[PDB]
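In what follows, a structure is listed as structure tokens, so that the remarks can point back to it.
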Amino acid sequence: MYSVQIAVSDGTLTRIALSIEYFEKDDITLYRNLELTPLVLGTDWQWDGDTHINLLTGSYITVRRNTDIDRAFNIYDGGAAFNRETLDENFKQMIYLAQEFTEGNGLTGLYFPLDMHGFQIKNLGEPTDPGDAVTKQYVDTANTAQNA
Amino acid sequence: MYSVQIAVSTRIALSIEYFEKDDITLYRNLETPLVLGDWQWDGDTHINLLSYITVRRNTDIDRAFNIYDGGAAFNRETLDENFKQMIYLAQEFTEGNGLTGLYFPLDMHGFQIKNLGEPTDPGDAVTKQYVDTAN
Amino acid sequence: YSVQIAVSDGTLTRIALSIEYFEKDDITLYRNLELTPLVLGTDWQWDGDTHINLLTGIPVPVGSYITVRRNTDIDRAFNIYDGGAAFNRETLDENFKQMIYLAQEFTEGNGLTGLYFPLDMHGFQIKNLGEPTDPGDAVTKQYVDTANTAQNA
Amino acid sequence: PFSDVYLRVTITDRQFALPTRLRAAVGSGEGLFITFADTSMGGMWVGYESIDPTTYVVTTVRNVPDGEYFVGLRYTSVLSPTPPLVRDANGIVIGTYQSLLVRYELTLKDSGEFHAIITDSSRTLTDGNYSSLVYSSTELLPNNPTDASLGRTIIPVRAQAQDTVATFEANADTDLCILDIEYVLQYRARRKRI
Amino acid sequence: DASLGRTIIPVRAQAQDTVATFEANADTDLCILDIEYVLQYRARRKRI
Amino acid sequence: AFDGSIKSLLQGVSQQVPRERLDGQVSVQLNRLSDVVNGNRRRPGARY
Amino acid sequence: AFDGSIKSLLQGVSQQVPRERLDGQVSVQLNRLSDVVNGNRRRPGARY
């Protein structure tokens, strides 16, 4: 919605037009279809006009925004002239972070038991590692094999 | 809880706070929200109905209430309101009020997930469904 | 930023903090895989402001680890000008730093404790699901395989 | 206030009716300006959010209390000094093509933020807002005007002295009073004079 | 045309035994703001 | 490097080349005042 | 550190910025005298 954009690549995508808003150009990243390794800037995609991206090595492409989380952008030193933009940027950073987090974009893990009050999970994916969850398809198709 | 509350079986007493009466919505039995005028306001702290009931709060996220670049008044009340909105947003997304999905794989650090629902379409299955082998 | 873990080889007795905080009340210990925090004053002590000393079972067996958690105030802002708080640079820097900390704690999953809507994983996988103990738990792999293989004959 | 053809009006529930004699001007690009009229915060800027095309009702920004207010239009206050010069004992001018300008020093009796532009024969050199009020001055308080009783500002140029143009603009509720101007000049003669 | 510039001309001769002229009969202007020179004079006795 | 100061700002606009302008003249003025005693500040607003 | 002296105190009150005040002018005077020969002293009392 706000921080994530997707684009189907049916035989024609060579450029992408950005619909999301970003704090600075450094926060954009790309992933090809499902790979966990991001594409390399300068060899697979290059900025064009601050609102368009050119592709160099060409399914669907995904775009992500991740604002800084290390500090507040502006530190109010005792010798800095007073202005309004310096407050506007600080108040904008927190709203950007909240928009990113409310969509689940930046979550990474848990250190407590996850509680659900009766809902389900739909696109779980296929387990490979022994310590993974099992989909309905995997278990249902396994019974047939052991029922010859 | 700060953003949501639950009532279990006519009148519901609201303990949470809000900015405007439009941010409050109701749901019933892990359902589409109930259309008001099913429920209606009766005072500033009571709800009259026309199992369990859940209430959820969602403040505005598109813009900050006051922008000092657009001529917002430079007094204490605007700073207080902005800080209160910022704290409310944290209280909201800290409890996972609006979460509806993820775009990155998740690691549980060896813990367990409980209170899961039975699957219909290929997804995640509960222990009870797998336990019912009986071959 | 907010979590620290130490794995003991058989001699762990002291821990040196490597995370910042606002007040000492925000820190807690949970041992390795228990859902109950260690009691302050009987299981650990504050030594100065940089070290923590264990008191019960101080020699940690091999393979066990201790974890440290942080949680800042979320009820209200530290400084409210309308309530008599003075207006300085510090009263703004601290206010912004309070909001930064709450994001740092959430991005690492230290704050979330529930869910109220079905999720869509978009094809991604969960990895460390633990092991079931109740009929409502999500069965992991290596539990179905053992059960299915245990009844081959 | 710092506005033209201003009238007094009362605001209730963050709404009021636009006076007749300003409908034509605002409809042709003129900028509507509002200010406080009373109490300690008198003279400070306030903004608006919308104007109803049919009834000409105006809605102000949040948290403005009921009371008296002024309404008017904006204007600019451009100014542009003259480039410095080098002058010997007898008053003759020298080094018109062999001098470089480094900086300006400005002393202000009272002012807020303003806007400065410095340009050369073929390119822009400096641009952006400047101010004489700092974050550690007791003059900066909420519910008080944002002005400093005395301060200074510094602007870099780094270009030939006479091939420059400088301007200072201000079109807001704060004044701009210039008491003195100083500069730093880099000129180096390499032969005696006679 | 150039909005600002400079030119240099060598003479190498006695100061007062010289004649200098500058002509222009084309579409461009010729505006002279200032003129400067380099003089080589060396006194070898004090004055009084 | 050297420093300096402009003498004054109380002689209004001029259009001669900088070599010849008198002391105190400026290049552009608009909606300002040449007021003595108070300095070179902005003009007040017009009242209806 | 340097020292100095104010020239005189015999030109009464003024309201210009300090950059432009003439020699001898002061900022406030009340129930004083600008008397020459005797200096800047207090005024006598009023007799009934």
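All residue names refer to the structure tokens as shown: chains lettered A, B, ... in order, residues numbered from 1 in each chain, ligands numbered from 1 in order.
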Per-residue nearest contacts chain E to chain D, cut-off 8 Å, using only C-alpha atoms, as CSV:
```
residue,atom,partner,partner_atom,distance
E:3,CA,D:121,CA,7.9
E:4,CA,D:163,CA,7.9
E:5,CA,D:97,CA,7.7
E:6,CA,D:97,CA,7.6
```
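With only C-alpha atoms taken into account, chain D has residues 135, 136 and 141 of chain D at most 8 Å from chain C.
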Exercise. If we count only C-alpha atoms, which residues of chain F reach to within 12 Å of chain E? Please list them as a list in words.
Worked result: residues 17, 18, 19 and 20 of chain F
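In this structure, CA of residue 70 (chain A) sits 9.4 Å away from CA of residue 101 (chain C).
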For this session: Taking only C-alpha atoms into account, report as a ChimeraX atom specification which residues of chain B lie within 10 Å of chain A.
Result: /B:29-31,61-64,66-71,82-83,85-86,89-90,92-94,96-126,129-130,133,135
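Residues surrounding residue 16 (chain C) within 7 Å are residues 50, 51 and 52 of chain C [only C-alpha atoms; sequence separation below 5 positions excluded].
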Keeping only N, CA and C atoms, write those residues as a PDB file, in the first residue's frame.
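The resulting out.pdb:
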```pdb
ATOM      1  N   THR C  50      26.941  -1.435  35.410  1.00  0.00           N
ATOM      2  CA  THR C  50      27.465  -2.076  34.214  1.00  0.00           C
ATOM      3  C   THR C  50      27.464  -3.596  34.274  1.00  0.00           C
ATOM      4  N   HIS C  51      27.338  -4.196  35.456  1.00  0.00           N
ATOM      5  CA  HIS C  51      27.445  -5.639  35.610  1.00  0.00           C
ATOM      6  C   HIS C  51      26.239  -6.178  36.364  1.00  0.00           C
ATOM      7  N   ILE C  52      25.917  -7.440  36.090  1.00  0.00           N
ATOM      8  CA  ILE C  52      24.841  -8.159  36.760  1.00  0.00           C
ATOM      9  C   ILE C  52      25.416  -9.456  37.309  1.00  0.00           C
TER      10      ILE C  52
END
```
Problem set entry | Expected answer as number ranges by chain: strand (DSSP E) residues in chain C | C: 4-7, 14-16, 28-29, 44-47, 51-54, 65-69
What does the file look like for those residues with N, CA and C atoms, as a short mmCIF file (atom, residue, chain, number, x, y, z; two decimals), in the first residue's frame?
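The file below, out10.cif, is the result:
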```
data_model
loop_
_atom_site.label_atom_id
_atom_site.label_comp_id
_atom_site.auth_asym_id
_atom_site.auth_seq_id
_atom_site.Cartn_x
_atom_site.Cartn_y
_atom_site.Cartn_z
N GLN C 4 20.00 -9.24 24.43
CA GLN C 4 21.33 -9.80 24.56
C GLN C 4 21.21 -11.23 25.05
N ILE C 5 22.05 -12.11 24.50
CA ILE C 5 22.03 -13.53 24.83
C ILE C 5 23.46 -13.98 25.10
N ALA C 6 23.63 -14.84 26.10
CA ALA C 6 24.93 -15.39 26.45
C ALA C 6 24.79 -16.90 26.63
N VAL C 7 25.62 -17.65 25.91
CA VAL C 7 25.63 -19.11 25.97
C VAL C 7 26.82 -19.53 26.82
N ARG C 14 28.91 -13.96 35.51
CA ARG C 14 28.69 -12.52 35.43
C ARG C 14 28.40 -12.12 33.99
N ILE C 15 27.59 -11.08 33.84
CA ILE C 15 27.20 -10.56 32.53
C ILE C 15 27.48 -9.07 32.49
N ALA C 16 28.08 -8.62 31.40
CA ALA C 16 28.34 -7.20 31.17
C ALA C 16 27.34 -6.66 30.16
N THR C 28 15.01 -7.06 32.48
CA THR C 28 14.53 -8.30 33.08
C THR C 28 15.30 -9.47 32.50
N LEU C 29 15.29 -10.59 33.23
CA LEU C 29 15.96 -11.82 32.82
C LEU C 29 14.95 -12.96 32.77
N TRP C 44 19.41 -12.54 40.98
CA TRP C 44 20.45 -11.69 40.42
C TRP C 44 20.43 -10.35 41.13
N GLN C 45 21.55 -9.64 41.04
CA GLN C 45 21.72 -8.34 41.67
C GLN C 45 22.25 -7.33 40.66
N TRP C 46 22.02 -6.05 40.94
CA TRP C 46 22.67 -4.99 40.20
C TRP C 46 23.99 -4.63 40.87
N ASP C 47 25.08 -4.74 40.11
CA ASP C 47 26.41 -4.39 40.58
C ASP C 47 26.84 -3.12 39.86
N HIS C 51 27.34 -4.20 35.46
CA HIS C 51 27.44 -5.64 35.61
C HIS C 51 26.24 -6.18 36.36
N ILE C 52 25.92 -7.44 36.09
CA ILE C 52 24.84 -8.16 36.76
C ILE C 52 25.42 -9.46 37.31
N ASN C 53 25.14 -9.73 38.58
CA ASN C 53 25.68 -10.89 39.27
C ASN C 53 24.57 -11.89 39.59
N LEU C 54 24.80 -13.15 39.24
CA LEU C 54 23.85 -14.20 39.55
C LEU C 54 24.05 -14.68 40.98
N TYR C 65 21.57 -20.87 28.40
CA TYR C 65 21.87 -19.48 28.10
C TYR C 65 20.93 -18.56 28.85
N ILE C 66 21.38 -17.33 29.05
CA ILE C 66 20.63 -16.29 29.76
C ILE C 66 20.33 -15.17 28.77
N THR C 67 19.12 -14.61 28.87
CA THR C 67 18.67 -13.57 27.96
C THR C 67 18.25 -12.34 28.76
N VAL C 68 18.46 -11.17 28.15
CA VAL C 68 18.13 -9.88 28.77
C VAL C 68 17.18 -9.14 27.84
N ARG C 69 16.17 -8.50 28.43
CA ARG C 69 15.11 -7.84 27.68
C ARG C 69 14.97 -6.40 28.16
#
```
For this session: Compile the contact shell of region 39-46 of chain E as an MDAnalysis selection string: residues with an atom at most 9 Å away, counting only C-alpha atoms, same-chain residues fewer than 2 positions apart removed.
Result: (chainID D and resid 194) or (chainID E and resid 15 37 48)
Requested write-out: C-alpha atoms of the selected residues, as a JSON list (two decimals), in the first residue's frame:
```json
[["chain", "number", "residue", "atom", "x", "y", "z"],
["D", 194, "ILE", "CA", 53.99, 55.06, -7.59],
["E", 15, "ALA", "CA", 56.73, 56.79, -21.73],
["E", 37, "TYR", "CA", 49.87, 50.54, -16.58],
["E", 48, "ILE", "CA", 65.72, 68.02, -1.49]]
```
Exercise. Near chain D, which residues of chain B fall within 7 Å when you count only C-alpha atoms, and what do they look like as a list in words?
Worked result: residues 70, 71, 72, 73, 74, 75 and 76 of chain B
Exercise. Any idea what's packed within 8 Å of residue 10 (chain D), counting only C-alpha atoms, ignoring anything in its chain fewer than 3 positions away? Could you give it as a PyMOL selection string?
Worked result: chain D and resi 16+66-69
